[PDB]
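Notes follow once the structure below has been shown.
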Amino acid sequence: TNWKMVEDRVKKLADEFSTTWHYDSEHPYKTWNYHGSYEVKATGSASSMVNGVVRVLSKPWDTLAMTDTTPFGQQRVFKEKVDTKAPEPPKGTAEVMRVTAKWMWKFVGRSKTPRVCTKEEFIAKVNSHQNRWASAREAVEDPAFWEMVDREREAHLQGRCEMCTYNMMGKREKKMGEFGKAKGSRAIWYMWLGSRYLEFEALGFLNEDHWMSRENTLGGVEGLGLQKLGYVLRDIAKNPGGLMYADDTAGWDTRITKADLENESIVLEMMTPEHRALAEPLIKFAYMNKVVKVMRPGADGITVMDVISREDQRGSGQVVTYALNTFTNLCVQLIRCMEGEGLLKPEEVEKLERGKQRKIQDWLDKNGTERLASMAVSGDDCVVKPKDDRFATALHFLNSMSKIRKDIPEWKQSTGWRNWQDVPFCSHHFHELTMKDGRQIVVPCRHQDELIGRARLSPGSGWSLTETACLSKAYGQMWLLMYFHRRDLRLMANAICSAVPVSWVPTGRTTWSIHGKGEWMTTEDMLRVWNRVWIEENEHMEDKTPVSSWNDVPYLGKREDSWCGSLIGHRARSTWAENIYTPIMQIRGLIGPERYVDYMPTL
Ligand SMILES: [Zn+2]
Ligand SMILES: [Zn+2]
């Protein structure tokens with residue numbers, strides 16, 4: 001019965017594709033109300049090409065379905081993950097969420113004030129990493145494009161919305177898990193570029209002004225690269241409290257309740273009316289009443305496009321998806337801390353006690369800063385060090401908020417970690433190492449099979465040798481900067497760089513995490529970049545003496561490296577390393593004549 005909100009958007013699609021627009025009574029949508037369907041050509045594929053460069057240089061890992069833009073792929077993820085409704089919080093829980101959100105918004109806005117983002121900033125982003133136009137940069141250079149933005153912006157000021165419709169492109173696996181980089185059914189969403197700017201214009205200040213940064217929220221890690229994250233966990237462990245907990249919420253984006261949207265939407269109260277006049281219509285029309293285009297398999301070998309709507313979820317493609325998820329997750333963990341400390345009873349979920357609203361405010365006013373400082377929240381990933389170990393059994397308000405934990409019974413006690421180095425965070429754990437010179441360094445680490453698996457695969461077909469070589473070099477230089485402590489990766493990274501020409505600039509996408517800042521994507525010597533990253537820019541390195549050679553860069557212990565998937569000690573690797581020059585030359589022959597550098601002697 002939300003037809004009025006989504007009336008204009010559906011009709012525009014229906015009118016534009018009226019020659020094929022129709023109604024399909026056999027649609028499988030359950031939690032989405034279905035409007036109509038029109039025919040489209042099949043877009044995308046399920047072909048994941050193997051990286052020949054990485055393949056020949058990782059022969060022992062030959063023993064070691066990924067990204068489905070196919071219309072069959074889009075429907076499968078929608079049927080299993082997207083098409084669901086998270087239960088709304090009860091009355092008592094909602095007040096707790098509302099009080100926490102108000103306190104957090106006032107806290108995160110203590111020094112920063114909301115502002116409107118200009119098109120010049122948006123033009124800066126598109127130039128720095130389509131139906132009529134064929135390029136994003138070409139569109140922003142067209143005055144006709146900005147007219148479409150203006151007319152749609154005028155509609156928002158008039159209380160209307162016509163073009164802010166989402167596109168369900170398909171699936172992109174969330175994690176690289178068991179092996180081969182295959183885990184997670186994450187849904188990727190695309191939206192029109194004009195709507196992207198209007199969203200950026202109204203809510204871009206959350207990202208551009210770093211509202212979720214650690215110096216602002218005290219619990220967020222926004223803007224911190226993977227190198228900085230390790231020291232954060234060690235610093236949290238220095239604080240008093242109990243064990244460290246890192247619980248994943250299964251389908252977090254699909255479990256964003258309508259109360260969560262409302263609680264995040266009270267930032268408009270901190271904005272100027274002129275700014276609110278632009279942001280208020282957008283949140284109501286784009287987030288709170290979505291219009292989504294999904295391809296569905298059809299009969300006679302034809303593909304069809306559906307138009308549907310809902311009210312609650314998070315689009316996962318919203319420009320402030322990460323920032324809003326960090327805000328709500330920080331609120332969720334703070335609420336669970338209150339239940340663990342006895343402030344919130346399991347019965348107060350249905351109805352809060354008499355004075356337990358100002359008392360919650362009192363607890364946040366006193367313990368909010370201290371509790372947040374012992375948290376590390378990146379989107380839906382979280383690490384919390386609570387006051388005591390009663391936090392493990394404080395599952396009532398957590399499950400009431402539909403933030404059900406992943407791969408665990410609903411009411412089974414959560415288990416914490418005794419050593420901060422074992423705590424998972426952003427698909428990584430962190431090891432503490434002592435260098436040859438005696439200095440200590442905290443490094444990110446994850447199972448080696450996951451790292452090799454993603455490099456071996458390339459998105460789509462039609463890859464040239466030059467393109468797939470630069471992507472391989474990007475993986476190799478990334479390994480040297482982040483995973484230098486892994487013996488197999490360091491040897492394999494040099495092998496790629498020895499096989500790939502020196503002058504070639506690395507390209508491609510080697511990481512999906514927002515914490516991958518791509519310092520490895522330069523042609524500068526990685527040893528020089530390594531000194532800048534881990535010594536010069538390292539706030540936890542008082543002694544700024546630079547490292548003079550790669551041999552001074554430490555490895556993990558053979559016990560800790562073997563535990564995390566290294567193939568040292570196996571006969572297969574011993575042969576692989578001894579004869580590593582043979583695969584290097586084969587790639588050089590295939591590429592052709594060029595200038596190269598041999599990096600094996602540096603090992
Ligand atoms: Zn709109
Ligand atoms: Zn490890």
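Count, please, the residues in the range 541-554 that happen to be within 31 Å of the chain's Cα centre (by Cα) and either surrounded by fewer than 16 Cβ atoms within 10 Å (Cβ to Cβ) or not assigned by CATH to the domain that holds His431 (or both).
Residues flagged as within 31 Å of the chain's Cα centre (by Cα) and either surrounded by fewer than 16 Cβ atoms within 10 Å (Cβ to Cβ) or not assigned by CATH to the domain that holds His431 (or both) within the range 541-554 amount to 1.
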Quick one: in the range 434-466, which of the residues that are buried (at least 16 other Cβ atoms within 10 Å of the Cβ) and among the charged types (D, E, K, R) is nearest to ligand 1 (Cβ to nearest atom)? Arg454
Given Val294, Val307, which one is touching a strand residue (DSSP E or B) at 6+ places or on another chain (Cβ under 8 Å), of a type in the set (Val, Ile, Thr), outside the structural domain of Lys91 (by CATH) and within 16 Å of ligand 1 (Cβ to nearest atom)? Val307
Residues (farther than 18 Å from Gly592 by Cβ, crowded, with 20+ Cβ neighbours inside 10 Å and of a type outside the set (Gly, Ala, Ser)) located in the range 484-503: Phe484, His485, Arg486, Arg487, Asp488, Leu489, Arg490, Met492, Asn494
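Could you tell me whether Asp422 is assigned by CATH to the domain that holds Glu215 and surrounded by fewer than 18 Cβ atoms within 10 Å (Cβ to Cβ)?
Values: assigned by CATH to the domain that holds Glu215: yes; surrounded by fewer than 18 Cβ atoms within 10 Å (Cβ to Cβ): yes.
Yes: the conditions hold for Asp422.
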Condition (residue is acidic (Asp, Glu) and outside any helix (DSSP H, G or I)) applied to the range 543-558: is it met by at least one residue? yes
Looking at the range 10-27, is at least one residue surrounded by 17 or more Cβ atoms within 10 Å (Cβ to Cβ) and not in a loop (DSSP other than H, G, I, E, B)? yes
Scanning the range 532-551 for residues that are out of contact with any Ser or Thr (no Cβ under 8 Å at 6 or more places or on another chain) and under 28 Å from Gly453 (Cα atoms), which turns out farthest from ligand 2 (Cβ to nearest atom)? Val533
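Those residues that are out of contact with any helix residue (DSSP H, G or I) (no Cβ under 8 Å at 6 or more places or on another chain) and surrounded by 15 or more Cβ atoms within 10 Å (Cβ to Cβ), I need them from the range 117-154; list them, please. Spell out how you get there, then give the answer.
Within the range 117-154, the first condition is being out of contact with any helix residue (DSSP H, G or I) (no Cβ under 8 Å at 6 or more places or on another chain), and the residues that meet it are 120, 124, 128-129, 131-132, 134-135, 138, 141-144, 147, 150-151, 154.
Passing the criteria: none in range.
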Out of all the residues in the range 419-433, is one or more among the charged types (D, E, K, R), closer than 28 Å to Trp105 by Cβ, more than 16 Å from ligand 1 (Cβ to nearest atom) and out of contact with any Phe, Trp or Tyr (no Cβ under 6 Å at 6 or more places or on another chain)? no
Please note which helices (runs of 4 or more DSSP H) are completely contained in the range 446-522 and include at least 3 residues that are in contact with a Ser or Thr (Cβ under 6 Å, 6 or more places away or on another chain) and of a type in the set (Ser, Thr, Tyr). none
Looking at (1) among the acidic types (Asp, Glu); (2) touching a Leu at 6+ places or on another chain (Cβ under 9 Å); (3) farther than 25 Å from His156 by Cα, find the lone condition where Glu280 falls short. (3)
Apart from one, (1) touching a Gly at 6+ places or on another chain (Cβ under 9 Å); (2) more than 12 Å from ligand 1 (Cβ to nearest atom); (3) not β-branched (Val, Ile, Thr); (4) not in a loop (DSSP other than H, G, I, E, B) all hold for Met148; the odd one out is (2)
Would you tally the residues in the range 37-68 being surrounded by 21 or more Cβ atoms within 10 Å (Cβ to Cβ) and either touching an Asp or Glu at 6+ places or on another chain (Cβ under 8 Å) or in a helix (DSSP H, G or I) (or both)? 5
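Quick reminder, even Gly has a Cβ in these numbers, built from the backbone with ideal geometry, and neighbours come from all protein chains shown. What is reported rests on the model, the rules as stated and the sources as named; no laboratory instrument gave them.
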